[PDB]
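Single-letter residue listing:
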There are 2 protein chains.
Amino acid sequence: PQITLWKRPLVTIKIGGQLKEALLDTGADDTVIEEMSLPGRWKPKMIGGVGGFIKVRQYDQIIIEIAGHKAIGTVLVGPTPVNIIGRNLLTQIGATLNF
Amino acid sequence: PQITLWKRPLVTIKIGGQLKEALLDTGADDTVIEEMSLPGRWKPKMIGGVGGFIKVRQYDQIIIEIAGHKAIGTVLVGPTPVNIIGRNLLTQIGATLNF
Ligand SMILES: CC(C)(C)NC(=O)[C@@H]1C[C@@H]2CCCC[C@@H]2CN1C[C@@H](O)[C@H](Cc1ccccc1)NC(=O)[C@H](CC(N)=O)NC(=O)c1ccc2ccccc2n1
Ligand code: NA
């Protein structure tokens, strides 16, 4: 689809058996989701943006369905105010910015 | 252009006669730039990022060129780690996200 930017570009995602809303975020290197359980091993990470850094758990090789399109990649889990789909997964669903 | 997301979507902007690098960010509601001087009066705003809130100066009706496309709109100035072009100006240059 073509998504305009008059409002936040929020989509439904499926991750870990759960439906969530997330922001399609070209300004994010990483995909960061609010607290949830994910299977497998993880490692701690610090990620930053405006306002500084938060501590997250890094899970690798996680499958997500983003607006109907499946992708696999690293997912970070922690106290983000909004769930964000960053470039590591946007690339996999073929997302581009066009103007 | 069509901008893919394998790398950060960094473009050149021109503001106050100066060239700067900035991130085209569909996840950002607002445009925020690192400290610089802009003309006129400003108003206060607090904006929230992944790591918390920062105080910024809001300048309205600022002339800015984004990857060659002219816009005139609101620019926030403050302690952002990266210059960010948000949806308020992405919509003026006709940007969409497509997949
Ligand atoms: C810029 C502002 C107007 C405040 N908007 C936002 O910041 C909104 C806030 C929303 C609610 C909280 C959760 C994040 C979302 C999306 N963000 C936009 C969102 O696109 C935001 C923009 C950004 C980029 C770089 C530096 C700072 C900020 N990106 C991010 O926060 C991501 C998070 C991550 N993946 O690690 N940061 C980065 O990708 C990133 C890249 C370079 C950096 C350099 C130094 C310091 C930090 C750096 N962070
Ligand atoms: Na894993």
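Quick notes on the rules
- Residues numbered from 1 in each chain as written, not as in the entry; some residues may be left out.
- Chains lettered and ligands numbered in written order.
- Heavy atoms only, no water.
- Near = heavy atom within 4 Å.
- Polar contact = N/O pair within 3.5 Å; in protein donor to acceptor, adjacent residues only side chain to side chain.
- Areas by Shrake-Rupley, 256 points an atom, 1.4 Å probe, with all protein chains shown as cover.
- Helix = DSSP H or I, 4+ residues; strand = E, 2+ residues; numbered from the N terminus.
- UniProt positions renumbered as here; feature names shortened; annotations may be inferred.
- Contact = heavy atoms within 4.5 Å.
- Buried area = accessible area lost by both parts, 1.4 Å probe.
- Salt bridge = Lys/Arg side-chain N within 4 Å of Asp/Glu carboxyl O.
- Nonpolar A, V, L, I, M, F, W, Y, C, P; charged D, E, K, R; others polar.

In the PDB archive, X-ray crystallography is given as the structure determination method for this entry, at a resolution of 1.20 Å.

Draft legend 1. Expanded view of the site of ligand 1. Around ligand 1 there are 25 residues in total, and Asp25(A), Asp29(A), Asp30(A), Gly48(A) and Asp25(B) lie nearest to it. Positioned at a junction of chains, ligand 1 has nearby residues supplied by chains A and B. One nitrogen or oxygen atom from the main chain of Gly48(A) is found 3.0 Å from a nitrogen atom belonging to ligand 1. Protein coverage of the free-state accessible area of ligand 1, which is 870 Å², stands at 87%. Put simply, the parts of the chain that give the shell around ligand 1 at least two residues each are strand 5 (42–49) of chain A together with strand 5 (43–49) of chain B.

Draft legend 2. Structural context of the UniProt feature "active site" in chain A. What UniProt calls "active site" maps, in this numbering, to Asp25(A). With respect to the secondary-structure elements, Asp25(A) resides in the loop between strand 3 (18–24) and strand 4 (32–33). Apart from residues no more than four positions distant in its own chain, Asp25(A) is found in contact with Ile84(A), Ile85(A), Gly86(A), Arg87(A), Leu90(A), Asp25(B), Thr26(B) and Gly27(B).

Draft legend 3. The arrangement of the interface of chain B and chain A in detail. In this complex, chain B contributes 36 residues to the contact, which on the side of chain A involves 37 residues. Together, the buried faces of chain B and chain A total about 3500 Å²; carbon and sulfur atoms form 63% of this surface. Counting across the interface, chain B meets chain A through 1 salt bridge. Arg8(B) is the salt-bridge partner of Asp29(A), the closest N and O atoms lying 2.8 Å from each other. Here chain B and chain A share 21 residue pairs in polar contact between them. For the side of chain B that touches chain A, the elements supplying multiple residues, two or more each, are strand 1 (2–3), strand 3 (18–24), strand 5, strand 6 (52–66), helix 1 (87–90) and strand 9 (96–98) of chain B. Residue composition of the side of chain B that touches chain A, grouped by class: 18 nonpolar, 13 polar and 5 charged.

Draft legend 4. The arrangement of the pattern of salt bridges in detail. Throughout the structure, instances matching the rule amount to 7 salt bridges over all chains. Here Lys20(A) and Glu34(A) are joined by a salt bridge, their closest N and O atoms 2.9 Å apart. Here the residue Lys20(A) occupies a position in strand 3, and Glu34(A) occupies one in the loop between strand 4 and strand 5, the gap between them amounting to 14 residues. The salt bridge partner of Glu35(B) is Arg57(B), with a shortest N-O separation of 2.7 Å.

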